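If you want the building blocks of each chain, they are given just below.
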2 protein chains.
Amino acid sequence: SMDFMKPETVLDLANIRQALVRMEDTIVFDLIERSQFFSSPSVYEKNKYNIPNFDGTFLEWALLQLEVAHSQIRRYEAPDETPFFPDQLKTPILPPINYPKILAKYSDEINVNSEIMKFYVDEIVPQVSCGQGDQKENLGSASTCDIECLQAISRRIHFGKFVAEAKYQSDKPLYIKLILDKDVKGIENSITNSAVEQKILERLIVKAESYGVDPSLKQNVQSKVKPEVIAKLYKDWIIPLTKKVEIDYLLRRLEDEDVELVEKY
Amino acid sequence: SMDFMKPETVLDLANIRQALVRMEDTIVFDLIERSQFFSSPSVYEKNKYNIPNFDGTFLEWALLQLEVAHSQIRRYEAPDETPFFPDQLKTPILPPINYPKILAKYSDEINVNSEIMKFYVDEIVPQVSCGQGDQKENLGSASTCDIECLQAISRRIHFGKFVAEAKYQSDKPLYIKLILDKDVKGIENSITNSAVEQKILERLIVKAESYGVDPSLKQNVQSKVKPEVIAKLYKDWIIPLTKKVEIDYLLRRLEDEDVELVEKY
Ligand SMILES: N[C@@H](Cc1c[nH]c2ccccc12)C(=O)O
Ligand SMILES: N[C@@H](Cc1c[nH]c2ccccc12)C(=O)O
Ligand SMILES: [Mg+2]
Ligand SMILES: [Mg+2]
Ligand SMILES: [Mg+2]
């Protein structure tokens, strides 16, 4: 029932988990589409193409163009959108959506898109690609799929901000105590549910099978993305980084609280 | 095993079959992602928003921005990409890929993207959207999903150029006699296989259920996109328009053959 014009429907743990489940499908679809192309080392080589006045990889350059264009139509006014190039965005040409306040004022500074870009290129691309290879005529196709994947993974991971804020407002006296202690381990314990995480991993295995296998053949019955690769993407990267976002958000949460935490400290 | 650097592997009717089948997954995935948003009438209303120096809908404006950016990196030098705005593209900033010749010289002139935009907006959007209504904070999200859908559908329909050229080269003598005699029905009969059409259709219904139903919930099983809507999309629009591309390609095929056609004359 998530409605970003109604904060109470966004800061609802049941609505949040339902959206997270739906994001599993989105991410799996995007990886399956990226599995159409080879490892494509040229996409991720720094300045392989001497694009004038630009420094970086081809993927970074194509991502920068999309981000710049999407900033013109307010994509990063949304609280569930976190840009990879926050300093290079331009003023939108459409008037503001004017979202209600949901997250604390500093929330845009919680940005781990650099670590996402790093593990996506170094760990995921080699594992979801259909093979090792570099086809010049698929430079653009592969990098567009990369962008789709990168933006779905970044949305999922930075959704931890909504998880953290909803958890904060359900139990302010506990979290005020933890934040003033800087009890990083305590914060992690308060947000972690290992049993739920294992059941996410198991549902991902079945989604990779059901979405990644053509349902017309039962003679070449392999999934076009390895299910354990999908499960490992969450276990090793997406879930730990979501918690880092949540922890970093809470550690600064008293910056945007009334000094009536003198009551609870 | 299509290698667009190898013409013999592209004009392989078996290789074309597999690529069209792989495109079924891509289209179903995109419609499934579009089904997250409402019918969004504001996206498709002409000149609704205050966008300088432009006449059209917001979707058309956003699609134009993308096509212009992608043309800078040679997307429409590819013979399997057909632009929606062919007269508004920009000069590429990268040197060309240099594709070998696969299709006839006039191939870029057969372009049914106007028809695709029309039936997508008028017939597909209302049937896949989660409901009727506008949601201002999802104008961007819904338009981007539309663009993914439109580009996947356009690529599938304009793939009929490769189909026609592959058929033409498999049995030349047959087709010239037909093209010489302006028999659109005889050409239509030679390229139509109704039995395979019913088979891709039955596969689509199964694909819609496998990709659109959360497999952890496989009593109330509700697909994200109605299986009958995906079937009717191919039956009423995609298949007929692909054949239209094929006939219009073959009807002009003699423009790119030396006049030793006089043999078959
Ligand atoms: N596959 C071709 C054409 C293409 C498809 N989508 C693209 C997006 C961007 C650039 C190019 C493309 C290429 O990579 O060049
Ligand atoms: N949902 C918001 C933010 C957003 C997400 N993806 C987008 C893509 C383009 C533009 C905006 C967005 C909007 O449509 O405004
Ligand atoms: Mg997607
Ligand atoms: Mg090659
Ligand atoms: Mg897609």
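Residues numbered from 1 in each chain as written, not as in the entry; some residues may be left out. Chains lettered and ligands numbered in written order. Heavy atoms only, no water.

Caption draft 1: Quick peek at the UniProt feature "binding site: Mg(2+) 2" (unreviewed entry) in chain A. Those places that UniProt annotates as "binding site: Mg(2+) 2" (unreviewed entry) correspond, in this numbering, to A:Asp30, A:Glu33 and A:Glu148. These annotated residues cover 119 residues of sequence, and their C-alpha atoms all fall within 9.4 Å of one another, placing them together at a single site. Here A:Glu33 is to be found in helix α2 (residues 13–34). When its relative accessible area of 9% is taken as the criterion, A:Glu33 is described as buried. Excluding anything up to four places from it in sequence, A:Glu33 contacts A:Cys145, B:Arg22, B:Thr26 and B:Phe29. Within the secondary structure, A:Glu148 is located in helix α5 (residues 139–158). On the basis of relative accessibility, which here comes to 27%, the residue A:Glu148 falls in the partly exposed class. (UniProt positions renumbered as here; feature names shortened; annotations may be inferred. Helix = DSSP H or I, 4+ residues; strand = E, 2+ residues; numbered from the N terminus. Buried < 20%, exposed > 50% of the residue type's maximum accessible area, 1.4 Å probe, protein only. Contact = heavy atoms within 4.5 Å.)

Caption draft 2: View of the site of ligand 2. Surrounding ligand 2, one finds A:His70, A:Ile73, A:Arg75, A:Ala78, A:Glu81, A:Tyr99, B:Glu137, B:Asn138, B:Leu139, B:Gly140, B:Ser141 and B:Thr144. Ligand 2 sits at the junction of chains A and B, each of which supplies nearby residues. The contact in question runs from a nitrogen atom of ligand 2 to an N or O atom on the side chain of B:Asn138, over 3.1 Å. With respect to ligand 2, the side chain of B:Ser141 contributes an N or O atom lying 2.8 Å from a nitrogen atom. Coverage of ligand 2 by the protein amounts to 95% of the 350 Å² it exposes when considered alone. Looking at the shell around ligand 2 residue by residue, the class counts come to four nonpolar, five polar and three charged. (Near = heavy atom within 4 Å. Polar contact = N/O pair within 3.5 Å; in protein donor to acceptor, adjacent residues only side chain to side chain. Areas by Shrake-Rupley, 256 points an atom, 1.4 Å probe, with all protein chains shown as cover. Nonpolar A, V, L, I, M, F, W, Y, C, P; charged D, E, K, R; others polar.)

Caption draft 3: Geometry of the site of ligand 1. In the vicinity of ligand 1, the residues found are A:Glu137, A:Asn138, A:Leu139, A:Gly140, A:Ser141, A:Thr144, B:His70, B:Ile73, B:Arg75, B:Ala78, B:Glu81 and B:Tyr99. For ligand 1, a nitrogen atom lies 3.2 Å from a polar atom in the side chain of A:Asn138. A:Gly140 has a polar backbone atom sitting 2.8 Å from an oxygen atom of ligand 1. If you tally residues by element for the shell around ligand 1, the top one is α5(A), at four residues. Residue composition of the shell around ligand 1, grouped by class: four nonpolar, five polar and three charged.

Caption draft 4: Spotlight on the coordination of the magnesium ion (ligand 3). Residues and elements named next belong to chain A. Protein coordination at the magnesium ion (ligand 3): the donors are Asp30 (OD) and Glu148 (OE), at 2.6 to 2.7 Å from the metal. Taken as a pair, the magnesium ion (ligand 3) and the magnesium ion (ligand 5) show a spacing of 5.8 Å. With a gap of 118 residues between them, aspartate 30 in helix α2 and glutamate 148 in helix α5 connect regions that are remote in the sequence. Of the residues examined, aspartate 30 reaches a relative accessible area of 8% and is grouped as buried. (Donors = N, O, S within 2.8 Å, 3.2 Å for Na, K, Ca; no water.)

Caption draft 5: Structural context of the pattern of salt bridges. Tallying each qualifying case throughout the model produces 42 salt bridges over all chains. Here A:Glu165 makes a salt bridge to A:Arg253, at a shortest N to O gap of 2.7 Å. A single burial state applies to A:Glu165 and to A:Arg253, both of which are buried. Across the salt bridge formed by B:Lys207 and B:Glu24, the nearest N and O atoms sit 2.5 Å from each other. One end of the pair, B:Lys207, is in helix α9 (residues 194–212); the other, B:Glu24, is in helix α2 (residues 13–34), and 183 residues separate them in sequence. Here B:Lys207 matches B:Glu24 in class, with each residue buried. Through salt bridges with shared partners, a single network forms among A:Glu33, A:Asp214, A:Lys224, B:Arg22, B:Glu24, B:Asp25, B:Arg203 and B:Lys207. (Salt bridge = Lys/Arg side-chain N within 4 Å of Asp/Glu carboxyl O.)

Caption draft 6: Region of the structure containing the packing of aromatic side chains. By the definition in use, this model includes 15 aromatic pairs over all chains. Ring plane angle 50 degrees and centroid distance 4.7 Å describe the contact between A:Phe159 and A:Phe162, whose orientation is recorded as tilted. By relative accessible area, which is 0% here, A:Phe159 ends up buried. The exposure class assigned to A:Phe162 is buried, which follows from its relative accessible area of 0%. A network of ring pairs unites the aromatic residues A:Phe29, A:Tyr211, B:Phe29 and B:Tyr211 as a single cluster. (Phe/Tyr/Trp six-rings, centres within 6.5 Å; stacked < 30°, edge-to-face > 60°.)

Caption draft 7: Examining the interface of chain A and chain B more closely. Listed per partner, the contact involves 37 residues of chain A and 40 residues of chain B. With both chains or domains summed, chain A and chain B bury close to 3300 Å², and 62% of this area falls on carbon and sulfur atoms. Inspection of the region where chain A meets chain B yields six salt bridges. Residues B:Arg22 and A:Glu33 are paired through a salt bridge, measuring 2.9 Å at the closest nitrogen-oxygen approach. Taken together, chain A and chain B are joined by ten residue pairs in polar contact. (Buried area = accessible area lost by both parts, 1.4 Å probe.)

Caption draft 8: Quick peek at the relation of the copies chain A and chain B. For the pair chain A and chain B, the best superposition has an RMSD of 0.6 Å and corresponds to a rotation of 179 degrees with a translation of 0.0 Å parallel to the axis. Both copies of the chain, as the preceding transformation shows, are related through a two-fold rotation axis. Of every C-alpha in chain A, the one belonging to A:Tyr211 sits nearest the axis of rotation, 2.6 Å from it. Interface overlap between copies is the fraction of interface residues in one copy that are interface residues in the other; for chain A against chain B it reaches 97%, indicating a shared surface. (Least-squares fit on C-alpha atoms.)

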